[PDB]
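Shown here: start_7.pdb, PDB, C-alpha atoms.
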ATOM      1  CA  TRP F   1      51.299 266.127 161.469  1.00  0.00           C
ATOM      2  CA  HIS F   2      54.925 265.260 162.276  1.00  0.00           C
ATOM      3  CA  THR F   3      58.138 266.934 163.403  1.00  0.00           C
ATOM      4  CA  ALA F   4      60.199 268.421 160.569  1.00  0.00           C
TER       5      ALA F   4
ATOM      6  CA  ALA Y 108      46.835 291.278 172.734  1.00  0.00           C
ATOM      7  CA  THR Y 109      49.301 293.645 171.051  1.00  0.00           C
ATOM      8  CA  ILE Y 110      50.325 292.585 167.531  1.00  0.00           C
ATOM      9  CA  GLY Y 111      53.695 290.891 167.024  1.00  0.00           C
ATOM     10  CA  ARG Y 112      55.820 291.447 163.902  1.00  0.00           C
ATOM     11  CA  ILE Y 113      58.154 288.883 162.274  1.00  0.00           C
ATOM     12  CA  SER Y 114      61.042 290.278 160.222  1.00  0.00           C
ATOM     13  CA  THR Y 115      61.366 288.834 156.716  1.00  0.00           C
ATOM     14  CA  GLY Y 116      65.149 289.121 156.559  1.00  0.00           C
ATOM     15  CA  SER Y 117      64.730 291.982 154.047  1.00  0.00           C
ATOM     16  CA  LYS Y 118      64.857 295.346 155.798  1.00  0.00           C
ATOM     17  CA  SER Y 119      63.214 296.991 152.776  1.00  0.00           C
ATOM     18  CA  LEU Y 120      60.386 294.450 152.720  1.00  0.00           C
ATOM     19  CA  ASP Y 121      60.079 294.838 156.506  1.00  0.00           C
ATOM     20  CA  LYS Y 122      59.534 298.583 155.935  1.00  0.00           C
ATOM     21  CA  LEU Y 123      56.756 297.963 153.409  1.00  0.00           C
ATOM     22  CA  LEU Y 124      55.156 295.706 156.060  1.00  0.00           C
ATOM     23  CA  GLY Y 125      55.399 298.211 158.918  1.00  0.00           C
ATOM     24  CA  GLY Y 126      57.991 296.108 160.747  1.00  0.00           C
ATOM     25  CA  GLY Y 127      57.322 292.559 159.594  1.00  0.00           C
ATOM     26  CA  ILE Y 128      54.477 290.167 158.942  1.00  0.00           C
ATOM     27  CA  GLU Y 129      51.861 290.565 161.675  1.00  0.00           C
ATOM     28  CA  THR Y 130      50.298 288.169 164.113  1.00  0.00           C
ATOM     29  CA  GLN Y 131      46.468 288.151 164.171  1.00  0.00           C
ATOM     30  CA  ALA Y 132      46.565 288.415 160.379  1.00  0.00           C
ATOM     31  CA  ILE Y 133      46.833 286.361 157.190  1.00  0.00           C
ATOM     32  CA  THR Y 134      49.545 287.564 154.806  1.00  0.00           C
ATOM     33  CA  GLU Y 135      49.349 286.225 151.227  1.00  0.00           C
ATOM     34  CA  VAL Y 136      52.351 286.252 148.877  1.00  0.00           C
ATOM     35  CA  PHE Y 137      51.418 285.692 145.228  1.00  0.00           C
ATOM     36  CA  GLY Y 138      53.317 285.581 141.956  1.00  0.00           C
ATOM     37  CA  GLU Y 139      54.428 283.440 139.060  1.00  0.00           C
ATOM     38  CA  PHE Y 140      56.095 280.053 139.350  1.00  0.00           C
ATOM     39  CA  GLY Y 141      59.710 280.638 140.318  1.00  0.00           C
ATOM     40  CA  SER Y 142      59.313 284.067 141.919  1.00  0.00           C
ATOM     41  CA  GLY Y 143      60.562 282.974 145.359  1.00  0.00           C
ATOM     42  CA  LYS Y 144      57.361 282.451 147.371  1.00  0.00           C
ATOM     43  CA  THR Y 145      58.645 279.263 148.965  1.00  0.00           C
ATOM     44  CA  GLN Y 146      62.033 280.823 149.772  1.00  0.00           C
ATOM     45  CA  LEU Y 147      60.268 283.627 151.667  1.00  0.00           C
ATOM     46  CA  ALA Y 148      58.321 280.968 153.606  1.00  0.00           C
ATOM     47  CA  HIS Y 149      61.525 279.056 154.478  1.00  0.00           C
ATOM     48  CA  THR Y 150      63.165 282.282 155.670  1.00  0.00           C
ATOM     49  CA  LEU Y 151      60.178 283.193 157.854  1.00  0.00           C
ATOM     50  CA  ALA Y 152      60.162 279.721 159.427  1.00  0.00           C
ATOM     51  CA  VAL Y 153      63.629 280.532 160.844  1.00  0.00           C
ATOM     52  CA  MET Y 154      63.196 284.257 161.586  1.00  0.00           C
ATOM     53  CA  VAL Y 155      60.186 283.687 163.884  1.00  0.00           C
ATOM     54  CA  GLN Y 156      62.413 281.541 166.106  1.00  0.00           C
ATOM     55  CA  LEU Y 157      64.750 284.457 166.811  1.00  0.00           C
ATOM     56  CA  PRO Y 158      64.270 286.557 169.963  1.00  0.00           C
ATOM     57  CA  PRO Y 159      62.215 289.771 169.595  1.00  0.00           C
ATOM     58  CA  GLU Y 160      65.245 292.083 169.543  1.00  0.00           C
ATOM     59  CA  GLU Y 161      66.391 290.206 166.429  1.00  0.00           C
ATOM     60  CA  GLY Y 162      62.980 290.417 164.753  1.00  0.00           C
ATOM     61  CA  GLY Y 163      61.537 287.083 165.889  1.00  0.00           C
ATOM     62  CA  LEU Y 164      58.925 285.996 168.424  1.00  0.00           C
ATOM     63  CA  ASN Y 165      60.711 283.033 170.099  1.00  0.00           C
ATOM     64  CA  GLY Y 166      58.102 280.964 168.305  1.00  0.00           C
ATOM     65  CA  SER Y 167      57.323 277.491 166.964  1.00  0.00           C
ATOM     66  CA  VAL Y 168      56.122 276.817 163.416  1.00  0.00           C
ATOM     67  CA  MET Y 169      53.444 274.700 161.752  1.00  0.00           C
ATOM     68  CA  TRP Y 170      53.872 274.070 158.003  1.00  0.00           C
ATOM     69  CA  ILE Y 171      51.240 272.661 155.610  1.00  0.00           C
ATOM     70  CA  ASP Y 172      52.806 271.579 152.302  1.00  0.00           C
ATOM     71  CA  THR Y 173      50.754 270.867 149.175  1.00  0.00           C
ATOM     72  CA  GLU Y 174      53.534 270.603 146.537  1.00  0.00           C
ATOM     73  CA  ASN Y 175      56.352 268.696 148.350  1.00  0.00           C
ATOM     74  CA  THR Y 176      58.446 271.899 148.252  1.00  0.00           C
ATOM     75  CA  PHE Y 177      59.529 271.986 151.924  1.00  0.00           C
ATOM     76  CA  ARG Y 178      63.265 271.354 152.310  1.00  0.00           C
ATOM     77  CA  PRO Y 179      64.631 270.674 155.809  1.00  0.00           C
ATOM     78  CA  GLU Y 180      68.212 271.202 154.623  1.00  0.00           C
ATOM     79  CA  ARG Y 181      67.238 274.683 153.430  1.00  0.00           C
ATOM     80  CA  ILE Y 182      65.892 275.396 156.925  1.00  0.00           C
ATOM     81  CA  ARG Y 183      69.163 274.194 158.445  1.00  0.00           C
ATOM     82  CA  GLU Y 184      71.247 276.327 156.061  1.00  0.00           C
ATOM     83  CA  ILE Y 185      69.325 279.528 156.842  1.00  0.00           C
ATOM     84  CA  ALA Y 186      69.428 278.817 160.584  1.00  0.00           C
ATOM     85  CA  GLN Y 187      73.183 278.160 160.551  1.00  0.00           C
ATOM     86  CA  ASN Y 188      73.939 281.337 158.645  1.00  0.00           C
ATOM     87  CA  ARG Y 189      71.906 283.490 161.067  1.00  0.00           C
ATOM     88  CA  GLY Y 190      73.515 282.191 164.261  1.00  0.00           C
ATOM     89  CA  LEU Y 191      70.978 279.498 165.278  1.00  0.00           C
ATOM     90  CA  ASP Y 192      71.433 275.744 165.742  1.00  0.00           C
ATOM     91  CA  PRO Y 193      70.154 273.956 162.604  1.00  0.00           C
ATOM     92  CA  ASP Y 194      68.668 270.901 164.303  1.00  0.00           C
ATOM     93  CA  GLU Y 195      67.003 272.855 167.127  1.00  0.00           C
ATOM     94  CA  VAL Y 196      65.410 275.165 164.560  1.00  0.00           C
ATOM     95  CA  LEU Y 197      64.179 272.161 162.555  1.00  0.00           C
ATOM     96  CA  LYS Y 198      62.812 270.574 165.747  1.00  0.00           C
ATOM     97  CA  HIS Y 199      60.424 273.478 166.377  1.00  0.00           C
ATOM     98  CA  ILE Y 200      58.677 273.121 162.995  1.00  0.00           C
ATOM     99  CA  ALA Y 201      55.696 270.778 162.738  1.00  0.00           C
ATOM    100  CA  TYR Y 202      55.166 269.529 159.172  1.00  0.00           C
ATOM    101  CA  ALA Y 203      52.208 268.092 157.257  1.00  0.00           C
ATOM    102  CA  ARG Y 204      51.626 267.177 153.588  1.00  0.00           C
ATOM    103  CA  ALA Y 205      48.048 267.901 152.515  1.00  0.00           C
ATOM    104  CA  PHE Y 206      46.803 265.071 150.284  1.00  0.00           C
ATOM    105  CA  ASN Y 207      43.883 267.154 148.909  1.00  0.00           C
ATOM    106  CA  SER Y 208      41.889 270.285 149.768  1.00  0.00           C
ATOM    107  CA  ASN Y 209      39.682 268.359 152.217  1.00  0.00           C
ATOM    108  CA  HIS Y 210      42.726 266.938 154.005  1.00  0.00           C
ATOM    109  CA  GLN Y 211      44.173 270.460 153.951  1.00  0.00           C
ATOM    110  CA  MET Y 212      41.088 271.757 155.779  1.00  0.00           C
ATOM    111  CA  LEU Y 213      41.211 269.049 158.448  1.00  0.00           C
ATOM    112  CA  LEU Y 214      44.947 269.613 159.099  1.00  0.00           C
ATOM    113  CA  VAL Y 215      44.217 273.260 160.023  1.00  0.00           C
ATOM    114  CA  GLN Y 216      41.504 272.208 162.491  1.00  0.00           C
ATOM    115  CA  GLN Y 217      43.813 269.514 163.886  1.00  0.00           C
ATOM    116  CA  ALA Y 218      46.527 272.171 164.316  1.00  0.00           C
ATOM    117  CA  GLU Y 219      44.524 273.840 167.118  1.00  0.00           C
ATOM    118  CA  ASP Y 220      45.495 270.994 169.470  1.00  0.00           C
ATOM    119  CA  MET Y 221      49.258 271.541 169.223  1.00  0.00           C
ATOM    120  CA  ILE Y 222      48.694 275.300 169.349  1.00  0.00           C
ATOM    121  CA  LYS Y 223      46.888 274.904 172.694  1.00  0.00           C
ATOM    122  CA  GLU Y 224      49.604 272.478 173.803  1.00  0.00           C
ATOM    123  CA  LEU Y 225      52.482 274.922 173.298  1.00  0.00           C
ATOM    124  CA  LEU Y 226      50.564 278.110 174.157  1.00  0.00           C
ATOM    125  CA  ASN Y 227      52.018 278.870 177.598  1.00  0.00           C
ATOM    126  CA  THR Y 228      55.397 277.242 176.999  1.00  0.00           C
ATOM    127  CA  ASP Y 229      58.435 279.366 176.157  1.00  0.00           C
ATOM    128  CA  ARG Y 230      58.018 278.638 172.406  1.00  0.00           C
ATOM    129  CA  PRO Y 231      54.314 278.936 171.556  1.00  0.00           C
ATOM    130  CA  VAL Y 232      53.284 278.563 167.935  1.00  0.00           C
ATOM    131  CA  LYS Y 233      53.703 281.967 166.282  1.00  0.00           C
ATOM    132  CA  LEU Y 234      53.783 281.102 162.546  1.00  0.00           C
ATOM    133  CA  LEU Y 235      51.387 278.962 160.484  1.00  0.00           C
ATOM    134  CA  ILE Y 236      52.427 278.457 156.838  1.00  0.00           C
ATOM    135  CA  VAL Y 237      50.211 277.097 154.046  1.00  0.00           C
ATOM    136  CA  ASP Y 238      52.187 276.463 150.817  1.00  0.00           C
ATOM    137  CA  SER Y 239      50.316 276.278 148.495  1.00  0.00           C
ATOM    138  CA  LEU Y 240      47.037 277.709 149.801  1.00  0.00           C
ATOM    139  CA  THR Y 241      45.217 277.320 146.478  1.00  0.00           C
ATOM    140  CA  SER Y 242      46.852 274.567 144.394  1.00  0.00           C
ATOM    141  CA  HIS Y 243      44.461 271.813 145.574  1.00  0.00           C
ATOM    142  CA  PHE Y 244      41.361 273.969 145.238  1.00  0.00           C
ATOM    143  CA  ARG Y 245      42.441 274.913 141.702  1.00  0.00           C
ATOM    144  CA  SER Y 246      42.751 271.294 140.566  1.00  0.00           C
ATOM    145  CA  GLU Y 247      39.626 269.966 142.336  1.00  0.00           C
ATOM    146  CA  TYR Y 248      37.083 272.764 141.728  1.00  0.00           C
ATOM    147  CA  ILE Y 249      37.096 273.398 137.990  1.00  0.00           C
ATOM    148  CA  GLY Y 250      34.533 273.946 135.234  1.00  0.00           C
ATOM    149  CA  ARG Y 251      31.047 275.414 135.055  1.00  0.00           C
ATOM    150  CA  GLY Y 252      29.739 276.372 138.497  1.00  0.00           C
ATOM    151  CA  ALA Y 253      33.116 275.845 140.153  1.00  0.00           C
ATOM    152  CA  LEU Y 254      33.923 279.549 140.537  1.00  0.00           C
ATOM    153  CA  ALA Y 255      31.296 280.063 143.260  1.00  0.00           C
ATOM    154  CA  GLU Y 256      31.763 276.642 144.873  1.00  0.00           C
ATOM    155  CA  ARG Y 257      35.573 277.024 144.991  1.00  0.00           C
ATOM    156  CA  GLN Y 258      35.438 280.543 146.420  1.00  0.00           C
ATOM    157  CA  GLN Y 259      33.008 279.308 149.105  1.00  0.00           C
ATOM    158  CA  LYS Y 260      35.176 276.413 150.320  1.00  0.00           C
ATOM    159  CA  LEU Y 261      38.244 278.658 150.161  1.00  0.00           C
ATOM    160  CA  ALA Y 262      36.440 281.325 152.207  1.00  0.00           C
ATOM    161  CA  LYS Y 263      35.647 278.763 154.918  1.00  0.00           C
ATOM    162  CA  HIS Y 264      39.249 277.504 154.955  1.00  0.00           C
ATOM    163  CA  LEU Y 265      40.433 281.108 155.326  1.00  0.00           C
ATOM    164  CA  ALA Y 266      37.894 281.730 158.089  1.00  0.00           C
ATOM    165  CA  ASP Y 267      39.378 278.797 160.007  1.00  0.00           C
ATOM    166  CA  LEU Y 268      42.842 280.350 159.580  1.00  0.00           C
ATOM    167  CA  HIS Y 269      41.693 283.821 160.680  1.00  0.00           C
ATOM    168  CA  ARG Y 270      40.181 282.355 163.852  1.00  0.00           C
ATOM    169  CA  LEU Y 271      43.423 280.574 164.783  1.00  0.00           C
ATOM    170  CA  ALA Y 272      45.435 283.735 164.038  1.00  0.00           C
ATOM    171  CA  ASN Y 273      43.222 285.905 166.280  1.00  0.00           C
ATOM    172  CA  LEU Y 274      42.419 283.454 169.073  1.00  0.00           C
ATOM    173  CA  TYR Y 275      46.040 282.428 169.637  1.00  0.00           C
ATOM    174  CA  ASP Y 276      48.028 285.471 168.380  1.00  0.00           C
ATOM    175  CA  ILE Y 277      49.615 283.732 165.396  1.00  0.00           C
ATOM    176  CA  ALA Y 278      50.858 285.044 162.063  1.00  0.00           C
ATOM    177  CA  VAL Y 279      49.474 283.054 159.129  1.00  0.00           C
ATOM    178  CA  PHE Y 280      51.465 283.221 155.876  1.00  0.00           C
ATOM    179  CA  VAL Y 281      50.139 281.688 152.647  1.00  0.00           C
ATOM    180  CA  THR Y 282      51.394 281.434 149.063  1.00  0.00           C
ATOM    181  CA  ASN Y 283      49.365 281.506 145.852  1.00  0.00           C
ATOM    182  CA  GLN Y 284      50.593 280.909 142.296  1.00  0.00           C
ATOM    183  CA  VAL Y 285      49.391 283.424 139.713  1.00  0.00           C
ATOM    184  CA  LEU Y 305      38.749 286.787 141.903  1.00  0.00           C
ATOM    185  CA  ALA Y 306      37.952 288.016 145.397  1.00  0.00           C
ATOM    186  CA  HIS Y 307      40.556 287.419 148.112  1.00  0.00           C
ATOM    187  CA  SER Y 308      40.151 287.162 151.888  1.00  0.00           C
ATOM    188  CA  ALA Y 309      43.712 287.705 153.177  1.00  0.00           C
ATOM    189  CA  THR Y 310      44.519 290.617 155.492  1.00  0.00           C
ATOM    190  CA  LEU Y 311      47.439 291.740 153.300  1.00  0.00           C
ATOM    191  CA  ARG Y 312      48.521 290.705 149.779  1.00  0.00           C
ATOM    192  CA  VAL Y 313      52.156 290.952 148.577  1.00  0.00           C
ATOM    193  CA  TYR Y 314      53.009 290.679 144.858  1.00  0.00           C
ATOM    194  CA  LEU Y 315      56.380 288.964 144.265  1.00  0.00           C
ATOM    195  CA  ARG Y 316      58.322 288.753 140.997  1.00  0.00           C
ATOM    196  CA  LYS Y 317      61.783 288.045 139.600  1.00  0.00           C
ATOM    197  CA  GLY Y 318      63.914 290.946 138.435  1.00  0.00           C
ATOM    198  CA  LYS Y 319      66.958 291.371 136.234  1.00  0.00           C
ATOM    199  CA  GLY Y 320      70.262 290.196 137.672  1.00  0.00           C
ATOM    200  CA  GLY Y 321      68.798 287.735 140.163  1.00  0.00           C
ATOM    201  CA  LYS Y 322      66.725 290.287 142.071  1.00  0.00           C
ATOM    202  CA  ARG Y 323      63.309 289.721 143.632  1.00  0.00           C
ATOM    203  CA  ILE Y 324      60.788 292.577 143.834  1.00  0.00           C
ATOM    204  CA  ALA Y 325      57.853 292.791 146.275  1.00  0.00           C
ATOM    205  CA  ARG Y 326      54.923 295.247 146.283  1.00  0.00           C
ATOM    206  CA  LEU Y 327      51.748 295.661 148.355  1.00  0.00           C
ATOM    207  CA  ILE Y 328      48.504 295.150 146.399  1.00  0.00           C
ATOM    208  CA  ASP Y 329      45.252 297.061 147.012  1.00  0.00           C
ATOM    209  CA  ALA Y 330      46.568 298.457 150.311  1.00  0.00           C
ATOM    210  CA  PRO Y 331      45.923 302.226 149.996  1.00  0.00           C
ATOM    211  CA  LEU Y 333      50.116 301.578 153.527  1.00  0.00           C
ATOM    212  CA  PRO Y 334      53.636 302.240 152.180  1.00  0.00           C
ATOM    213  CA  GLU Y 335      53.905 302.746 148.446  1.00  0.00           C
ATOM    214  CA  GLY Y 336      57.004 301.521 146.651  1.00  0.00           C
ATOM    215  CA  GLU Y 337      58.741 298.233 146.000  1.00  0.00           C
ATOM    216  CA  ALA Y 338      61.301 296.257 147.997  1.00  0.00           C
ATOM    217  CA  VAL Y 339      64.223 294.588 146.199  1.00  0.00           C
ATOM    218  CA  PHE Y 340      66.145 291.702 147.738  1.00  0.00           C
ATOM    219  CA  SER Y 341      68.185 288.610 146.839  1.00  0.00           C
ATOM    220  CA  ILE Y 342      67.901 284.942 147.814  1.00  0.00           C
ATOM    221  CA  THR Y 343      71.022 283.961 149.739  1.00  0.00           C
ATOM    222  CA  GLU Y 344      72.482 281.445 152.181  1.00  0.00           C
ATOM    223  CA  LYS Y 345      70.696 283.538 154.838  1.00  0.00           C
ATOM    224  CA  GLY Y 346      67.335 283.079 153.116  1.00  0.00           C
ATOM    225  CA  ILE Y 347      66.659 286.559 151.790  1.00  0.00           C
ATOM    226  CA  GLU Y 348      68.431 289.865 152.326  1.00  0.00           C
ATOM    227  CA  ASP Y 349      68.753 293.303 150.725  1.00  0.00           C
TER     228      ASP Y 349
END
Before anything else, please render the file you have as structure tokens.
Amino acid sequence: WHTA
Amino acid sequence: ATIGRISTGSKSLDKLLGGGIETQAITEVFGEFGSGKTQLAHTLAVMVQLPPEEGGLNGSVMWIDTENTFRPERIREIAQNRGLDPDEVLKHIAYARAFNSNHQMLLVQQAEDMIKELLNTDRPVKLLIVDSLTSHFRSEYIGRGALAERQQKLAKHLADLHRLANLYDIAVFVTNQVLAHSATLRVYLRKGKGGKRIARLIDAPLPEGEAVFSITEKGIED
């Protein structure tokens, strides 16, 4: 998971 | 908790859906390659961030990608053309690329942590996208005996998604390229003449009819  | 409803950007499609795609539910869009499933997902990832009187839920987004089809610049374009700041909108989308179906299943379980984290902030997670829901399962579970085994693992994955939708009041939206199906609601999407896209509810004895919209710089609209 990461920020767009 | 009362259900929330996220507008699609298409007022005709919103009418088919009783207002929008629902929280506490899994909505599946399915159709041939090229029919616009991923454009609908991009548009919803912006619309949920709108305030309720504009059809949103002031919500954050989590996006699981299995085909490398997510396009941040498409998010920014849709945001800009609907009155929102492109970088702020992008900032409220968490993104993951599922390496395989087993990674895909762990990413959903791992998502519960951020969901709890944002729950009582002003922008709780309200949309969880899986695009594509089935592409990994289709490539990995294949041949004699795979029909039952694939439908079992897919049922468990969908059970995990239903629980997150109901426990935390989230709308889950999944795509499937076209068997029993577990989604709450299934929407058939196809290309029409003259650049139109046509949606219809499948095996939902409510509204009968078809919605017709176009893909634009605002995402989709009638």
(message) Evaluated on this file, the ChimeraX specification (/F :<8) & /Y picks out some residues - which ones are they, written as a ChimeraX atom specification?
(response) /Y:179,197-204,214
(request) Can you pull out every residue within 12 Å of residue 116 of chain Y, counting all atoms listed in the file, but drop anything in the same chain fewer than 6 positions away, and send it as a count of residues only? (result) 35
(request) For residue 176 of chain Y, please output as a ChimeraX atom specification all residues within 9 Å (counting all atoms listed in the file; exclusion window: fewer than 3 positions along the same chain). (result) /Y:145,172-173,238
Grab the residues selected above and save them as a PDB file, in the frame of the given file with C-alpha atoms.
ATOM      1  CA  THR Y 145      58.645 279.263 148.965  1.00  0.00           C
ATOM      2  CA  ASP Y 172      52.806 271.579 152.302  1.00  0.00           C
ATOM      3  CA  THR Y 173      50.754 270.867 149.175  1.00  0.00           C
ATOM      4  CA  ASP Y 238      52.187 276.463 150.817  1.00  0.00           C
TER       5      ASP Y 238
END
(message) Using only C-alpha atoms, list the residues that have an atom at most 8 Å from (60.8, 290.2, 145.5), coordinates as in the file, as a PyMOL selection string.
(response) chain Y and resi 142-143+314-318+322-326+338-341
(request) Work out how far atom CA of residue 135 of chain Y is from atom CA of residue 280 of chain Y, in Å to one decimal. (result) 5.9 Å
(request) Extract, using all atoms listed in the file, all DNA, RNA and protein residues at most 7 Å from residue 312 of chain Y, discarding same-chain residues fewer than 3 positions from it, and format them as an MDAnalysis selection string. (result) chainID Y and resid 134:136 309 327:328
(request) Rounded to one decimal place, report the atom CA of residue 168 of chain Y-atom CA of residue 196 of chain Y distance in Å. (result) 9.5 Å
(request) Could you please determine the separation between atom CA of residue 230 of chain Y and atom CA of residue 217 of chain Y in Å, to one decimal place? (result) 18.9 Å
Once 6 Å is added on each side, what are the centre and the three edge lengths, in Å to one decimal, of the axis-aligned box enclosing the listed atoms of chain F? Present them as JSON.
{"center_x": 55.7, "center_y": 266.8, "center_z": 162.0, "size_x": 20.9, "size_y": 15.2, "size_z": 14.8}
(request) Anything within 7 Å of (50.7, 284.9, 164.7): list those residues as a count of residues only, counting only C-alpha atoms and sticking to the file's coordinates. (result) 11
(request) Return the single residue from Y:251, Y:231, Y:211, Y:281 that is closest to residue 263 of chain Y, with distances computed using all atoms listed in the file. (result) Y:211
(request) Find the residues around residue 245 of chain Y up to 12 Å (all atoms listed in the file counted), leave out those fewer than 2 positions away in its own chain, and share them as a list in words. (result)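 Contacts, with the query itself left out: residues 173, 207, 208, 239, 240, 241, 242, 243, 247, 248, 249, 250, 253, 254, 256, 257, 258, 260, 261, 283, 284 and 285 of chain Y.
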